[PDB]
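Fold and contact review
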Amino acid sequence: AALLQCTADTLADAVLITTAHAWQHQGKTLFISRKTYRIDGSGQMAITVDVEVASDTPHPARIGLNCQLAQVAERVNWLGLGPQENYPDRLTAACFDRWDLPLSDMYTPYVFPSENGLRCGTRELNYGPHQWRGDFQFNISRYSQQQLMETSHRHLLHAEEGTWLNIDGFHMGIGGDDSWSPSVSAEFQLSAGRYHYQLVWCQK
Amino acid sequence: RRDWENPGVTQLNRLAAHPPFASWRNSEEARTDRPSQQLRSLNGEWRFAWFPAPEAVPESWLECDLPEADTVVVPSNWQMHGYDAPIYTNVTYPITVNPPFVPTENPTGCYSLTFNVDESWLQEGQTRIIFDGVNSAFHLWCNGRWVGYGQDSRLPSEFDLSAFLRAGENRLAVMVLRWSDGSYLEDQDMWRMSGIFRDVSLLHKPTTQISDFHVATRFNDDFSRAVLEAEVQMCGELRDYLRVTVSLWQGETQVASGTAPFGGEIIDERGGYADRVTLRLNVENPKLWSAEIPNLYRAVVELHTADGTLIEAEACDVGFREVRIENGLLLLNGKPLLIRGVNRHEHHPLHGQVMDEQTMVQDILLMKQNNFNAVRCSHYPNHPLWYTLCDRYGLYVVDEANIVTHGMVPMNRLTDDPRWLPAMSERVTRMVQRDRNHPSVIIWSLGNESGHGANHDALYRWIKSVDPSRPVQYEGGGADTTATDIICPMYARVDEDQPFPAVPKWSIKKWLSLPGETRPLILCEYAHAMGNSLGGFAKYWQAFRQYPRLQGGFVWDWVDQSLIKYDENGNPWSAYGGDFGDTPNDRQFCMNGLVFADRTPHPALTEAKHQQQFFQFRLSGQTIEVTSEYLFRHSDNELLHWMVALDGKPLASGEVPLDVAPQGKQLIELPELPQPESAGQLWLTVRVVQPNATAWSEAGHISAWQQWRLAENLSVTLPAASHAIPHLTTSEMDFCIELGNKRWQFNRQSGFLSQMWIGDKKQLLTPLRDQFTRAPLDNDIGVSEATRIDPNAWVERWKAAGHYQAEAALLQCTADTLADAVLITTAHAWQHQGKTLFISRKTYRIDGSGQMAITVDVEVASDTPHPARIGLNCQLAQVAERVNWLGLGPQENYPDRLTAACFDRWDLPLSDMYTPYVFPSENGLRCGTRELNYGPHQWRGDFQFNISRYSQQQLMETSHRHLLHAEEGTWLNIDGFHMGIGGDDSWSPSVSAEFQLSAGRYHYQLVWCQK
Ligand SMILES: [Mg+2]
Ligand SMILES: [Mg+2]
Ligand SMILES: [Mg+2]
Ligand SMILES: [Mg+2]
Ligand SMILES: [Mg+2]
Ligand code: NA
Ligand code: NA
Ligand code: NA
Ligand code: NA
């Protein structure tokens, strides 16, 4: 991330933070992320994300935000597709409803660890005191994306301090027509070039 | 007798059908196809009189010319001279359905002609009259004496006149009836006209004559050897001294000749045909015929005495080619065809249904210029000259019998009736007898929309038995019956089933592989080009190519069937169904063409051209793979221009010669392109150019193109620190922003930007507002009308959901002064009868540079029919001359119809940004636009737009294009998202799901600034 812009403004009843980021590798700009943060009198933080993706870059696996929470809560409650893990090209079984599960169920113990535990079409997510609102896809676990890609076996995974949250506006399909070549169908590739999603973070 | 109300009398004293005759008496004139002294044209000025009924015709008209009569041009349709009204009806018969009866009020056209006959014609041989086209039935008198009667409006009627004509002055009397039992088989979707609309001629033949001749070509496995087989038939006295010589010419070189006496082989127990002969000529390594290369030979047929007295000579152009269906594929010369076709009606805006050479040539030039290789004779035998032209220029023809009974209930009521078999058979047999020698004709058709009846089966078999060379197709009764060799549905979609009871229209991909099915699929009708249509066209051509047994289709259709009418000032305008007082009528449904009546292209024509390309392309790094879809020819008049440009600005370009074998490939290696510093998207564009002129195209013609995105540099550099800070002024009614000479005004009661100032001048006549609706296209309306509403159609769904009259309730309107800008934030709800349809949340940011950054975020209810568009509109006060944009162009394009469009810096005059569809609708959109310049204004973002002097309201409120008045200023429509146009058909929802605005939540952002 290379910072392009970071401003603060004062609205009648809110503070407005505008940010711009570029992702560069070998002088090539891969992704541009433009954000606004609107914390209003209700204590709610409206985050608006606008992302550009270089057309001559391979289409990204995801477009979202991530952070490691200090919190470790016992339950995960959400309004969206579930109750089980679901992905863009594998979400027909899942039903839109209110789901509540213990945190461990939000992780899928694939012997060879990878990205897992995602749920799509989620409008509201609850974890400890936190609430996230919008139209997003999420996973939530004690394992980082970094630990998962570096660990070869599920039993070699250690629970990290706090909780890792991945909230995506857009997640690439998983595929599987076979497992030895690219099999994610075109309509499930993140190729639109310009992506927008908006989140609300608040407390309850 | 009332022969015009009897399906048992289809003619009286009519001569037999045959291929085109000229009765040459010099063999070199036959060979060269030069004019014949024995074939005279009777085209010209005739005397005409109109009557309400045959009963009304005065007995004296047979013996003497009428004083009331007027002098008219023939051929013609008497409707075009204004004698009665041309009727447009789609399905329903223009008369009361009571076979075989027609109204007692039957518009009767009385044509006559006083003409001269040379003594020489009457001293010897036979003198006949040929009426190429008379609509729909007629009696003929000559010098007062009755000659005969004839039906079938689309094939020549011929009568022997020797015993009737005297030296010098003679008089014809042709009483033509508008309606007859023939009309029951003539229910095509077209204008209902009448009269002598094709050529009239006089042919002198010797007594001992050529009465028929069939030409056939058969081939060895690899087509390097052929046997030309010509069967010749005679009339008159059979004598031992008679011979036939069939010679075969290639330009001036005679490649084969055969001479035999009369008397064919033994056929059965009673012998053979002593009045016939079959000549068989061997032809080594023959030049083959195709629409790709229309190689032709000339076959001269000489009837002569053995001792060398030529009695007469007939002739034709021969195309050595073979059509067969093998293993489920249609093959021309051993190669599977890909039918890039169109349905063509014989139509002229001024002349109606009279065809002329100039027009016919113009059509063929244009068709071939737009990558068409085939044409369907919808729905009748055509003018004789058409087949000759297709032979020479190169087009695969589907020749179709004049049998259409669409308005019967059920559709096969006549065609299942054995009492209607005689009348039907003549429409099939006399077609075959006339056109079977033409190489361009590759497929026979039994008619159109007459269901499936046992008469279709009998006739199918008849053609299979008579002519083994050509497949017989027919669509009626399910498009896959026992009456057709090819699955030929009309308006079957690519992936979507339309499973009607008894006659389902299956997905063309699904259809091919139904249990037990093997035959090839070529749609006789597809892609209904009505008004703003042809959306989803690429879907067809992706499928055609992927699937071997999907061998193409025939677009519906070629030309808009609009007719010229004149106003109080004498100004011409394009008219349709109902405009001639004609009723019942199916309004604008007569206009479904890729070209207007005057042959001006619709924007869809370019979409057809791009898809029907004969060269396919792929990209991999710096290598362009060019793939030829030609079956027989090399790329011998082709090179490849290539262009790399950074957002409109040319970077590098070159030419590489195309050298691709048929079905072959060429790898063209691009030179290492130096990449630029400044940000933007690099765009490669390739064009196939023909350096040399052809019979059909001029030098520099572009036959193909393609585009790719190359490298992209996303802009990471921000604008400079602003030289000022814009001021806000607050009122109860208004928020007002001021900076330099620029001024913005937002109305606080409405919540919209209501005025803008550059310098001191106004910029708006109508406030900048959200718009979720469009002036409905023909595909939006379907068959719906005021009297008969079709609730399933898009326009009615929008109407009923309240989209067109929903009013904006303001929810939020605030102003905040930032450190370098002013921020206007708004929210609106669109409601109808207590239902919220749309919410539009906006932010307008105006900083110290003078730029306005608009951010729109729209919510659409899930249970409301998907909106036509999601965008903004306003009426600018400015009227500029030019429109300049960076986006898809140059022509009109829409989401489901934009493949032909290329991304570049385009610059057009304002008038070109409006498509004058005879029935006005949403038009002239350009998609994927990143920057738009109009006068002092610039809009930047990722949007779709149209810009014209006509409002969406005016467009949807006006029925004809000529009634459109330019409004004050310029109506600008900028959408973030636009619905597909559809067009798989024009009578039911046809916009594909992926092009429907159904995401629920939409986002778009525009920057409005002065350039
Ligand atoms: Mg489901
Ligand atoms: Mg009759
Ligand atoms: Mg000779
Ligand atoms: Mg009507
Ligand atoms: Mg392409
Ligand atoms: Na791993
Ligand atoms: Na094919
Ligand atoms: Na039509
Ligand atoms: Na209209």
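Conventions and cut-offs
- Residues numbered from 1 in each chain as written, not as in the entry; some residues may be left out.
- Chains lettered and ligands numbered in written order.
- Part of a larger assembly, values for the part shown.
- Heavy atoms only, no water.
- Buried < 20%, exposed > 50% of the residue type's maximum accessible area, 1.4 Å probe, protein only.
- Helix = DSSP H or I, 4+ residues; strand = E, 2+ residues; numbered from the N terminus.
- Contact = heavy atoms within 4.5 Å.
- Pairing = 2+ DSSP bridges.
- Axes fitted to C-alpha atoms, helices over the stretch in contact; angles between N-to-C directions.
- Parallel < 35°, antiparallel > 145°, perpendicular 65-115°, else oblique.
- Left-handed = near helix turned anticlockwise from the far one by under 90°.
- Nonpolar A, V, L, I, M, F, W, Y, C, P; charged D, E, K, R; others polar.
- Salt bridge = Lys/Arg side-chain N within 4 Å of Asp/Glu carboxyl O.
- Polar contact = N/O pair within 3.5 Å; in protein donor to acceptor, adjacent residues only side chain to side chain.
- Domains from an automatic or database assignment.
- Buried area = accessible area lost by both parts, 1.4 Å probe.
- Donors = N, O, S within 2.8 Å, 3.2 Å for Na, K, Ca; no water.
- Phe/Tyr/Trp six-rings, centres within 6.5 Å; stacked < 30°, edge-to-face > 60°.
- Core = buried A, V, L, I, M, F, W, Y, C linked by side-chain atoms within 4.5 Å.

In the PDB archive, X-ray crystallography is given as the structure determination method for this entry, at a resolution of 2.70 Å.

What follows covers helix α11 (residues 794–801) of chain B. Within an α-helix, residues lying three or four positions from one another point in the same direction, as the helix has 3.6 residues per turn. Listing the buried residues of α11(B) in full gives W794(B), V795(B), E796(B), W798(B) and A801(B). Residues of α11(B) that are buried make contact with α10 (778–781), β51 (821–832) and β52 (835–847) of chain B.

Let's shift gears to the sheet that holds strand β41 (residues 665–669) of chain B. Hydrogen bonds between backbone atoms are what pair the strands of a sheet, whose relative direction is either parallel or antiparallel. Residue and element names in this part refer to chain B. Spatially, 3 strands are ordered β37-β38-β41 in an open sheet, and the strand pairing comes out antiparallel. Of all the strands in the sheet, just β37 (615–620) and β41 have a single pairing partner and so form its edges. In this sheet, neighbouring strand axes are inclined to one another by 20 degrees on average, regardless of whether the strands run parallel or antiparallel. Relative to strand β38 (residues 623–628), β37 runs antiparallel, the two being bridged by 6 bridges. Directly across from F615, in β38, lies its bridge partner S628.

Quick look at the pairing of strand β28 (residues 339–343) of chain B now. Residue and element names in this part refer to chain B. With 5 of its 5 residues buried, β28 lies for the most part within the structure. With 4 bridges connecting them, β28 and strand β34 (residues 550–555) associate as parallel partners. For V342, the partnering residue across the bridge sits in β34 and is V555. Of the pairings in the sheet, the one linking β28 to strand β29 (residues 374–376) comprises 3 bridges and is parallel in character. Within β29, the residue paired with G341 across the bridge is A374.

All names here are of chain B. Helix α9 (residues 604–611) packs onto helix α8 (residues 537–546) with a crossing angle of 20 degrees between their chain directions and a minimal axis gap of 10 Å. Between α8 and α9, the interaxial angle falls into the category roughly parallel. Here α8 runs over α9; the crossing is right-handed. Touching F537, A538, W541 and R545 of α8 are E607, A608 and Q611, all from α9. Grouping the amino acids of the contact of α8 with α9 by side-chain chemistry returns 4 nonpolar, 1 polar and 2 charged.

This paragraph deals with the pattern of salt bridges. A complete count under the given rule lists 70 salt bridges over all chains for this structure. When the shortest N-O distance is used, the salt bridge between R75(A) and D100(A) registers 2.7 Å. Remark: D100(A) occurs in strand β7 (residues 95–102) and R75(A) occurs in strand β6 (residues 75–82); sequence separation between them is 25 residues. On the basis of relative accessibility, which here comes to 42%, the residue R75(A) falls in the partly exposed class. One salt bridge connects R869(B) with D975(B), and the closest N-O pair in it is separated by 2.8 Å. Highlighted residues: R869(B) in strand β54 (residues 869–876) and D975(B) in strand β59 (residues 970–978), separated in sequence by 106 residues. In terms of burial, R869(B) and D975(B) fall into one category: buried. One salt-bridge network, in which partners are shared between bridges, spans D33(B), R298(B), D317(B) and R392(B).

All names here are of chain B. Overall, antiparallel pairing links the 3 strands, which are arranged β16-β17-β22 in an open sheet. The strands lining the two open edges of the sheet, one partner per strand, are β16 (209–219) and β22 (276–284). Neighbour-to-neighbour, the strand axes of the sheet open up by a mean angle of 20 degrees, direction not taken into account. Bridge count for β16 against strand β17 (residues 225–235) is 10 bridges, and the pairing is antiparallel. Note that in β17 the partner of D212 across the bridge is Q233.

Residues and elements named next belong to chain B. Mapping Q588 onto the fold places it in the loop between β36 (572–575) and α9. Of note is the side chain of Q588, whose polar atom sits 2.9 Å from the side chain of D778. With residues near it in sequence (within four places) discarded, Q588 still touches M530, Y576, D778 and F919.

For the rest of this paragraph, the subject is the domain arrangement of chain B. Split into domains, chain B comes out as domain 1 (1–206), domain 2 (207–321), domain 3 (322–612), domain 4 (613–718) and domain 5 (719–1011). Here the C-alpha centre of domain 5 of chain B lies 69 Å away from the C-alpha centre of domain 2 of chain B.

It is worth spelling out the interface of chain B and chain A at this point. The interface of chain B with chain A comprises 21 residues on the first partner and 25 residues on the second. Taken over both partners, the interface formed by chain B and chain A buries close to 1,700 Å², and the fraction arising from carbon and sulfur atoms is 48%. Sorting the residues of chain B by area buried against chain A places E712(B), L714(B) and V716(B) first, and these three jointly supply 32% of that buried surface. Summed over the shared surface of chain B and chain A, the result is 2 salt bridges.

With that settled, the discussion passes to the coordination of the sodium ion (ligand 9). Residues and elements named next belong to chain B. The protein atoms that coordinate the sodium ion (ligand 9) are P920 (O), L955 (O) and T958 (O), at distances of 2.6 to 2.7 Å. Mapped onto the sequence, the residues coordinating the sodium ion (ligand 9) show the spacing P-x34-L-x2-T. Per residue, the accessibility class of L955 equals that of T958, and both read buried.

This part takes up the packing of aromatic side chains. Residues and elements named next belong to chain B. Counting across every chain of the model gives 42 aromatic pairs over all chains. Ring centres of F772 and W830 lie 5.1 Å apart, and the angle between their planes is 90 degrees; this geometry places the pair in the edge-to-face category. Here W830 lies in strand β51 and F772 lies in the loop between β49 (764–771) and α10, a separation of 58 residues in the sequence. Under the relative-accessibility criterion, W830 is labelled buried at 5%.

The two faces of the sheet receive side chains in turn, since in a regular strand these alternate between them. Residue and element names in this part refer to chain B. As judged from the 4 bridges shared by strand β35 (residues 563–566) and β36, these two strands associate in the antiparallel manner. Its bridge partner being in β36, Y566 is matched across the sheet by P572. Here β35 hands over to β36 after 5 residues, with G570 in that stretch at a positive phi of 85 degrees.

Turning our eyes to something else, we now look at helix α4 (residues 384–394) of chain B. Buried within α4(B) we find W386(B), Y387(B), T388(B), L389(B), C390(B), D391(B) and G394(B). On its buried face, α4(B) is in contact with β24 (309–318), α3 (357–369), β29, β30 (396–400), α5 (421–435) and β31 (441–445) of chain B.

Residues and elements named next belong to chain B. With 76 residues, the main nonpolar core has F372, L446, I508, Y526, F544, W558 and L594 as its most contacted residues. Counting only domains with at least three residues in this core, you end up with domain 1 (1–206) and domain 3 (322–612). The contact partners of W558, leaving out residues within four places of it in the chain, are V342, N343, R344, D363, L366, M367, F372, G593, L594, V595 and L605. With 57 residues, the next largest nonpolar core counts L764, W830, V856 and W1008 among its residues.

A separate point is the packing of α3(B) against α4(B). All names here are of chain B. Running from N to C, α3 and α4 point in directions that differ by 35 degrees, and their axes come no closer than 11 Å. In terms of crossing hand, the pair formed by α3 and α4 is right-handed. Contacts from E357, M360, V361, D363, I364, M367 and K368 in α3 reach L385, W386, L389, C390, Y393 and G394 in α4. Among the residues forming the contact of α3 with α4, the class breakdown is 9 nonpolar, 1 polar and 3 charged.

Take the side chain of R192(B) next. All names here are of chain B. Its location among the elements puts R192 in strand β13 (residues 190–192). Within polar-contact distance, the side chain of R192 engages the backbone oxygen of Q188 at 2.8 Å. Among all residues touching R192, those that are not within four sequence positions of it are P86, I87, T89, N90, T92, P94, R178, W179, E186 and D187.

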